[PDB]
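Before any comments, here is the structure.
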Amino acid sequence: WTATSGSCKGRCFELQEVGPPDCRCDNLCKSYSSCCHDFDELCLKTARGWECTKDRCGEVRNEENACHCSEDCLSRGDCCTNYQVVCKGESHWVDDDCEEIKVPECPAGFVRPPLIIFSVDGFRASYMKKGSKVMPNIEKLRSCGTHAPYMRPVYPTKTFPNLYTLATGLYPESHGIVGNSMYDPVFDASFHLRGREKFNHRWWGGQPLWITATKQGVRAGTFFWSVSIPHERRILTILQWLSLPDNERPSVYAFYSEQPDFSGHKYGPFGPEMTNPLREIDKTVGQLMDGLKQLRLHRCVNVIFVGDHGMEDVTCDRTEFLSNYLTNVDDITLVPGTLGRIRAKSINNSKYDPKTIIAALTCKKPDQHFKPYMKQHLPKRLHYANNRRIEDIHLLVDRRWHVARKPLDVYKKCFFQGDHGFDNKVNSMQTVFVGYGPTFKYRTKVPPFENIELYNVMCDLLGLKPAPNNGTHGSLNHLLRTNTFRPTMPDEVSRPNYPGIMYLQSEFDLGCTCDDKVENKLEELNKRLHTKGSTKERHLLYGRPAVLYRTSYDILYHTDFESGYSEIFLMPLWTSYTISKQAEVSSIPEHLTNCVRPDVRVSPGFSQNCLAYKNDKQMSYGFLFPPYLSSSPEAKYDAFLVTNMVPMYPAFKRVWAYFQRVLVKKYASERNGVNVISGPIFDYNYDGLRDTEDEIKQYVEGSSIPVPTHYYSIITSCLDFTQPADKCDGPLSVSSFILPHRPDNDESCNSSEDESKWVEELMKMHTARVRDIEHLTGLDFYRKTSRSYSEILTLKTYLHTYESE
Ligand SMILES: *[C@@H]1O[C@H](CO)[C@@H](O[C@@H]2O[C@H](CO)[C@@H](O[C@@H]3O[C@H](CO[C@H]4O[C@H](CO)[C@@H](O)[C@H](O[C@H]5O[C@H](CO)[C@@H](O)[C@H](O)[C@@H]5O[C@H]5O[C@H](CO)[C@@H](O)[C@H](O)[C@@H]5O)[C@@H]4O)[C@@H](O)[C@H](O[C@H]4O[C@H](CO)[C@@H](O)[C@H](O)[C@@H]4O[C@H]4O[C@H](CO)[C@@H](O)[C@H](O)[C@@H]4O)[C@@H]3O)[C@H](O)[C@H]2NC(C)=O)[C@H](O)[C@H]1NC(C)=O
Ligand SMILES: Cc1cnc(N2Cc3cnc(N[C@@H]4Cc5ccc(Cl)cc5C4)nc3C2)nc1
Ligand SMILES: [Ca+2]
Ligand SMILES: [Ca+2]
Ligand SMILES: [K+]
Ligand code: NA
Ligand SMILES: [Zn+2]
């Protein structure tokens, strides 16, 4: 109940939201149907429109007008944005030459450059080039400022998840806005686009930028705008707030446009109807920049032009129906569209079985346009599992498609030609970033980056300490002229042991065999030198990884590879080796097919055993350093050490053996040598973080050998591929993956075919950042390069996406 009989007199677009039942005059009062009776009359004036005309110049102030052309308007801060152009012979901002802004040029009393975030819904990255002829204001911000070719959204590529990630620096699984539609089983409550449940603060986790600012004494404008407030009025309100007294004036502001998303859904991303919305957004940017120029703020404010996601061609005829796969379609609830989330219709249905639903949706039709996943099996780069609002069953929908439960859902609710929500590496989902202002760089192109990084940067721009978030603070320092964040590398928590030869062969009762009984002072000396680390410089190019948790591990050196061997998890945490462009691939010799060799540096009590693998009828083993890439027949014996062995399902070994035998040498050929770091990951609680021992759900039968959930590899080379990876003077190039350790290849519908037809497709889907591997392992890589630490942080955030232009 609201007492709407109160008044918005002297309260229009007030920043402090007032308590029911008192009536409101803030920019969301319309959305809560709570505005005072006179809000439209006082706060949403439209009389004479939005532009000064020659006949209005020097007019007697009429308080009824939407904006003013009277001599007093600049001091009142309520001129039409074109006032000085029409009435005082000034130029539009867009007609001024670009001039580097080296320092803030602010009015007296400004304590910091304000930040204005200009957010555009559904603004696909390629609009910056394809729409450039119709967006001159945006093209000036882009060319004169700091721009990325695109910015990667979070999954799902929906509005609320992405705007709240921009606000918080968090993945949706952490901030809790995991879709535009959600059911929380603990609250027993549903969140929807339409309705009032979404205004309950219990949905929204983390600490958004406006709260971070307010808590640190930095005032914020209200970021959300009721849809009925015209864009011109949003701009004039921001310009009016910027004219407040010093003690009252916010330092951070947001503008939001529902376009071009609104038109893109109707017409498709490149429908001819899309030109006019892009022209209208550009005109709005021009109104803001002209307005700032009038207030002498156009060389004072930092401006961010940023989108939430892109837009794909999607039509009603490209819909998959679950009714074509499931017998039981009325016993499920589907969250539908550009992703699918399935749960039981009723928690009283004891016959609901996720396993039978997954099996019924798996590789059933030759051109099937979705793939089912248990959420823990989704690519780790999506960080889309650790939230009770994310249903256990997920459908990853192909670009250009929808999934629905039954056909009547599509025609009892064709219309639309555009949609978004797909995998955040899809080119059509990419969006925009431009920064313009004293704190940003001038005429600078930066590599594409992820929207989780921008919270940290917006905190840097405002002198705020960020709340804990999923950005890597310092990874975007190359966007900034000043206010860079200069972190120190994390302290190593656990120092390695360096064991020598300490055990005789007969102390080991592992059930292993090897045909290695084969008997020289020259080469005796070399073998000893290799074990002491004589080749370590070749194979550990960037220093050993630091272990950032308390554990017991050993460094083990070999001719061809170095490892950090866990005495707790009975396997390497990491295995590092370098393969030159010239490297030769060899076989596992017949006589060594089943060879496993005790490591006389490592106690039998801290070793795996072969009998466990014999007894476990599901689990086999592989090797982290590949015997295929041995430097010599003698060095090959090292690759069969029990300390190089890891548990692998036969299905996984098909992938792993093809990676090791074919793909590593292909990458060394293509990149002029590669350095590889490989290892296990344990994430049984799907939280993206290194498991403790007590979280491990599966062991090799009858043993204490834990089974990884994933295997990673980090593949590094010289960005200048004319230099070999092991003699690189400059910046590095990385690609990584986190492959799921699964007992079948059901994810790969073509897995009956030769590994050349499906293994690389799998690896591309499970591409990763080094930072994703750092979270999952508690290791810190690249500690000893001759590169800037911020450059290394940028490298650690890189994702190799495998999308064409
Ligand atoms: C991305 O960045 C974020 C931010 O840094 C990282 O997330 C953090 O991860 C930490 C480890 O998972 C986590 O730490 C836990 O915090 C608990 C306190 O949590 C409350 O307070 C904080 C601070 O204000 C607040 O942010 C939290 O907000 C979460 O929860 C509310 C819902 O209640 C949500 O609205 C909000 O969206 C957010 O939810 C997200 O996180 C929770 C986990 O907190 C998930 O369950 C959600 O799905 C969602 O992902 C909270 O309001 C603290 O109690 C925990 O401590 C317990 O566990 C540790 C184990 O190490 C143990 O040592 C302690 O003894 C303690 O154990 C006791 O509780 C156990 C569980 O009940 C029980 O089993 C034991 O027996 C004991 O009784 C823990 O410290 C931190 O909260 C989140 N923060 C956020 C914002 O998500 C994230 O990891 C990064 N991602 C990657 C991939 O790097
Ligand atoms: C179903 C549905 C979806 N979407 C919307 N719309 C209403 C609205 C109104 N205002 C905003 N303002 C945005 C919020 C935000 C967050 C971070 C940053 Cl950096 C800038 C901004 C500015 N966003 C929105 C989103 N409504 C309904
Ligand atoms: Ca959107
Ligand atoms: Ca974990
Ligand atoms: K076995
Ligand atoms: Na298969
Ligand atoms: Zn949309």
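Order of appearance sets the numbers: ligands from 1, and atoms from 1 within every ligand. Any value given below was found using the heavy atoms of this structure, including those in side chains, with hydrogens, waters and symmetry copies removed. The first residue in the sequence is number 1, and the count goes up from there.
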Answer whether the closest heavy-atom distance between the side chains of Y373 and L396 falls below 4.5 Å.
yes
Are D754 and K757 within salt-bridge range, i.e. N to O under 4.0 Å?
no
If you leave out waters, which protein N, O or S atoms are less than 3.0 Å from the Ca ion (ligand 4)?
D683 OD1, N685 OD1, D687 OD1, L689 O, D691 OD1
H309 near the Zn ion (ligand 7) via N/O/S, less than 2.8 Å
no
Would one find an N, O or S atom of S751, in either backbone or side chain, under 3.0 Å from the Na ion (ligand 6)?
yes
Assert yes or no for the condition that the ring centre distance of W203 to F191 is strictly below 6.0 Å.
yes
Please note down the angle at the Na ion (ligand 6) between O of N745 and O of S748, to the nearest 10°.
80°
Would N750 and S748 count as a side chain to side chain donor-acceptor pair (under 3.5 Å) if you check the C-alpha gap in whole Å, the side-chain angles of each, and the deciding distance to 0.1 Å?
CA-CA 5 Å; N750 293 328; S748 295; over 6 Å; no
Side chains of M429 and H420: closer than 4.5 Å at any heavy-atom pair?
yes
Does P277 reach the side chain of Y267, with side-chain heavy atoms less than 4.5 Å apart?
no
Does a salt bridge link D353 with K355, judged by any charged N lying under 4.0 Å from a carboxylate O?
no
Looking at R234 and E258, is there a salt bridge between them, counting it only when a charged N and a carboxylate O are closer than 4.0 Å?
yes
Rounded to 10°, how many degrees is the angle OD2/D261-the Zn ion (ligand 7)-NE2/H265?
90°
